Amino acid sequence: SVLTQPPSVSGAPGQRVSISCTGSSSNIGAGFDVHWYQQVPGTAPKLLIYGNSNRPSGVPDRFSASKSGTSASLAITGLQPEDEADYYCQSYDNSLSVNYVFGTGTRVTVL
Amino acid sequence: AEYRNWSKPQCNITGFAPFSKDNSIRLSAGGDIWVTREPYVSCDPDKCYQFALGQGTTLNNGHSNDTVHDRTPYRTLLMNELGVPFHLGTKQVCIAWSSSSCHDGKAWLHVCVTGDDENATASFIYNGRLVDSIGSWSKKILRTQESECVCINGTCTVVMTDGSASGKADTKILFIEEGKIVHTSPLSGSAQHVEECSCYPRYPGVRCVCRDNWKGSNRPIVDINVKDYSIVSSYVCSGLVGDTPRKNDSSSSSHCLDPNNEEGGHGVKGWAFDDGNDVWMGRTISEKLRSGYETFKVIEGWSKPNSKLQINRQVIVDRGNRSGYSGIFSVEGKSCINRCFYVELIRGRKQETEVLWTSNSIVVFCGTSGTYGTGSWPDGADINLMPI
Amino acid sequence: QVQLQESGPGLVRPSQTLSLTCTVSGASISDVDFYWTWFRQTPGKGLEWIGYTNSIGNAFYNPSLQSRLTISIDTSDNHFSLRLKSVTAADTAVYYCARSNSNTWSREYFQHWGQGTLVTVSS
Ligand SMILES: *[C@@H]1O[C@H](CO)[C@@H](O[C@@H]2O[C@H](CO)[C@@H](O[C@@H]3O[C@H](CO)[C@@H](O)[C@H](O[C@H]4O[C@H](CO)[C@@H](O)[C@H](O)[C@@H]4O[C@H]4O[C@H](CO)[C@@H](O)[C@H](O)[C@@H]4O)[C@@H]3O)[C@H](O)[C@H]2NC(C)=O)[C@H](O)[C@H]1NC(C)=O
Ligand SMILES: *[C@@H]1O[C@H](CO)[C@@H](O)[C@H](O)[C@H]1NC(C)=O
Ligand SMILES: *[C@@H]1O[C@H](CO)[C@@H](O)[C@H](O)[C@H]1NC(C)=O
Ligand SMILES: *[C@@H]1O[C@H](CO)[C@@H](O)[C@H](O)[C@H]1NC(C)=O
């Protein structure tokens, strides 16, 4: 199984956007941490948020994360260029065995 | 000393070599040996110990009569070094009709369940003193692994079941640091009934191949991470199921996520461990009864569902001899963790009506990377020469 | 710093055995406190977790693919490998080798990644 995300989220420079990850019972809704990965197409994914908000290092303060119930949201405040990439929410799934489910992949297109 | 970490790779296993045998019933015919059931083996960093739930009496005793009952107030956990028979000098470390013992590299921890069936008390005895205790959370027969628990870096995980033996029971994994219950994780995953787990260290986790007493003839697997206290559970993928009663090898099945619903109404305590993608599993030779015992490797039996390609089969106990609970325990080698198992050889009631007592003797096999021969190692006691 | 470099054939015939190797530089894989992970990203979908392993050899695999892969370790050569059996048209993707933060399961995030190798299954 996978988590679900909006297929695409657009936003002009300056304003903010939100990416809504929706989990399940053996997922975000089970209290497991939600991690957000940024992947410019054609390159390797880059970890953006862990602990549902713990921007590791060298990550701009624009990105913010919040988890609630069976849903999690990634908030980009500023929508600056170079934030045009695919954002995936990752979470731990324990329905069958040790498993890690990623989001469908939200494409942030800064117009 | 130092806490056991179990941070070594699993040992190379080409089969199992004989390691120990107590001849308890044979010695009982002319000595004062405890009546025992449900034994298990656990090792110090130095030596290995036998454990058993003695019935409060010896074999050449009037109280050995009607010793088939699983839970009596007189049941105690016996303990002596492996090979020493359970004589009158054996130390009863706690009152228990269900038990589990692990050595964390510093001290012994015994989880002992006693009391009433519906209001059982589980006492956690660490370093020779009682540290914690819990009551029955389901008000049914509260039980535990009946085998060795596993301590990783000082945190010992015990799998405690409470509820119906033929229905939905509440299984909780208890994490114990120096006898104190520091976490209690409910069982999660696709295993629907978990009972009498054979746990072995798979660092940083603990893997427990349990017994499904409700629907499955395939043994459930419980993976326990001792760091984040997370539990996942599935079933053994091999189509050669290791729980008796079961269907025959052609008709048995397993698909790693659900009980196969094939003669799963009962079960026996057993073991299995993964040699990479293969599974080393021991099971009784007889499909219906606990007669005989064999161990073999199923190729891709831990990953590929319904895998029946077995190899390296060993006959531990021949088909015409009684067996019982089996289980696993791990020995920390020089650079690699060796997997060893034991077989309980039950003799007496109710299968053998010549005598009035139910007792057992254990036989222990350790995994080896070298060559081995064949042979059968039954109890060997003639029931007609035994006291009634 | 940990540096991961995937290396494997770029074209594997269907029903053959895909084999990739991730060479690790700047860190030792022989310390058992991290999970050496494999991922894959099919062009039409998102990232997929493939499997786990540490230096000791205690591996966890994706339940979907569990019947096929085999993630090995080599503490001497300081690299870990992936071996997928009976590949098909669904096995063509960009395969990433990554390292987990710690040895937990529920609290795992993968900071260090490889560069990603395009493995194509076709004739
Ligand atoms: C499962 O096990 C748990 C743990 O052991 C049980 O929980 C304990 O249950 C006992 C029994 O109820 C309880 O002890 C009672 O506590 C009461 C106050 O909390 C006391 O009032 C009571 O004393 C009276 O009853 C005793 C008989 O039980 C008499 O021997 C005693 O002399 C007292 O009797 C006098 O007082 C009463 C009331 O005033 C009066 O009617 C009499 O005529 C007489 O004058 C007990 O001490 C424990 O407190 C419980 N402990 C916990 C931790 O909960 C549980 O009950 C068990 N359940 C099952 C199903 O087995
Ligand atoms: C043994 O126990 C049973 C029932 O507990 C009793 O009927 C019998 O008299 C006892 N003694 C013998 C010798 O069977
Ligand atoms: C073992 O536990 C101690 C705390 O009790 C901790 O400091 C140490 O890092 C742990 N060791 C490992 C290998 O996790
Ligand atoms: C075992 O499987 C079924 C059990 O119902 C039976 O029909 C079959 O004949 C038995 N033996 C073999 C070899 O399959």
Side-chain angles (χ1 to χ4, degrees), chain B residues 1-9 35 45 55-75 95 97 102-107 109 112-124 126-127 130-142 150-157 162-163 175-183 201-206 224-230 332 337 348-350 352-359 383-384 386-388, chain C residues 28-35 54-56 58 100-108:
Chain B
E2 260 280 273
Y3 283 140
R4 281 172 131 166
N5 248 306
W6 300 106
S7 287
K8 320 261 209 60
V35 170
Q55 293 271 359
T57 174
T58 52
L59 227 106
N60 237 311
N61 197 343
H63 308 90
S64 65
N65 175 24
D66 195 16
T67 24
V68 80
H69 299 331
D70 320 68
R71 298 173 297 277
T72 83
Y74 328 111
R75 298 212 83 176
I95 320 169
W97 41 252
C102 28
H103 200 280
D104 63 351
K106 295 211 196 163
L109 164 86
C112 314
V113 208
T114 186
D116 283 352
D117 283 6
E118 74 279 2
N119 215 2
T121 316
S123 312
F124 297 82
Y126 179 77
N127 208 4
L130 200 133
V131 182
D132 221 341
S133 88
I134 43 162
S136 204
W137 55 80
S138 292
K139 294 318 174 280
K140 273 103 155 53
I141 296 108
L142 170 70
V150 176
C151 310
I152 292 184
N153 197 39
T155 299
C156 312
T157 99
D162 206 340
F175 302 88
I176 293 127
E177 299 212 54
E178 298 239 323
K180 257 311 186 270
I181 303 156
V182 309
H183 205 275
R202 200 166 163 283
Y203 185 86
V206 171
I224 301 143
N225 188 294
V226 317
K227 320 260 145 176
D228 55 19
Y229 309 132
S230 48
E332 192 135 24
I337 308 299
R349 299 304 201 122
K350 330 166 144 288
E352 321 188 73
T353 63
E354 297 89 307
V355 293
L356 295 155
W357 43 265
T358 289
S359 192
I383 215 71
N384 286 308
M386 300 279 342
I388 211 162
Chain C
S28 177
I29 84 169
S30 196
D31 83 276
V32 50
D33 249 351
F34 307 106
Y35 276 120
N54 39 11
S55 56
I56 266 47
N58 306 329
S100 77
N101 180 219
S102 217
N103 49 356
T104 45
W105 300 336
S106 2
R107 304 205 284 271
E108 291 279 71

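Just so it is clear: chains get the letters A, B, ... in the order the sequence lines come, proteins before strands, and each one is counted from 1. Whatever order the structure lists ligands and atoms in, that order sets their numbers, starting from 1.
C:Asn54 and B:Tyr203 share no donor-acceptor pair across their side chains, judged by distance under 3.5 Å alone.
By the 4.0 Å N-to-carboxylate-O rule, B:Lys140 lies too far from B:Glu118 to be salt-bridged with it. A salt bridge links B:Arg71 with B:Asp117: the closest approach of a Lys/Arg side-chain nitrogen to an acidic carboxylate oxygen falls below 4.0 angstrom.
The protein does not reach atom 32 (O) of ligand 1 closely, with no heavy atom under 4.0 angstrom from it. For atom 7 (O) of ligand 3, no protein heavy-atom neighbour is present inside the 4.0 Å cut-off. Contact annotation for atom 3 (C) of ligand 1: protein present (non-hydrogen atoms, distance under 4.0 Å). Protein heavy atoms are found inside the 4.0 Å sphere centred on atom 61 (O) of ligand 1. Inside a 4.0 Å radius of atom 4 (C) of ligand 3 there is not any protein heavy atom. Within the 4.0 angstrom cut-off, atom 56 (O) of ligand 1 has no protein heavy-atom neighbours. Distances from atom 26 (C) of ligand 1 to the protein include no heavy-atom value under 4.0 Å. Closer than 4.0 Å to atom 48 (C) of ligand 1 lies none of the heavy atoms of the protein. Protein heavy atoms are found inside the 4.0 Å sphere centred on atom 14 (O) of ligand 3.
The single protein non-hydrogen atom nearest to atom 1 (C) of ligand 3 is B:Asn153 ND2, 1.4 Å, given as residue, atom name and distance. Atom 6 (C) of ligand 1 has its closest protein heavy atom at B:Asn119 ND2, 4.2 Å. Distance from atom 11 (N) of ligand 2 to its nearest protein heavy atom, with residue and atom name: B:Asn65 ND2, 2.9 Å.
Surrounding OH of B:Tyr3 are more than 12 heavy atoms belonging to other residues, nucleotides or ligands, all under 6.0 Å away. More than 12 non-hydrogen atoms from other residues, nucleotides or ligands lie less than 6.0 angstrom from CD1 of B:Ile181.
Of the polar atoms of B:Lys227, at least one N or O is found under 3.5 Å from an N or O of ligand 3, judged by distance alone. For ligand 3, none of its N or O atoms has an N or O atom of B:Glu177 under 3.5 Å away.
A cation-pi arrangement, defined by a distance under 6.0 Å to the six-membered ring centre and an angle within 45 degrees of its axis, is absent between B:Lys180 and B:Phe124.
Taking every heavy atom of B:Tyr203 and a limit of under 4.0 angstrom, the matching atoms of ligand 3 come to 13 (C). Atoms of ligand 2 found under 4.0 Å from any heavy atom of B:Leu356, numbered from 1 in the order shown, are 12 (C), 13 (C), 14 (O).
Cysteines B:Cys102 and B:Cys156 keep their SG atoms at least 2.5 Å away from one another.
Atoms CZ and CG, from C:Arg107 and C:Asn101 in turn, are 10.0 Å apart once rounded to the nearest 0.5 Å.
Within the 3.5 Å criterion, the main-chain N or O of B:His63 finds no donor-acceptor partner in the side chain of B:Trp357. A donor-acceptor contact shorter than 3.5 Å links the side chain of C:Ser100 to the backbone of C:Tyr35.
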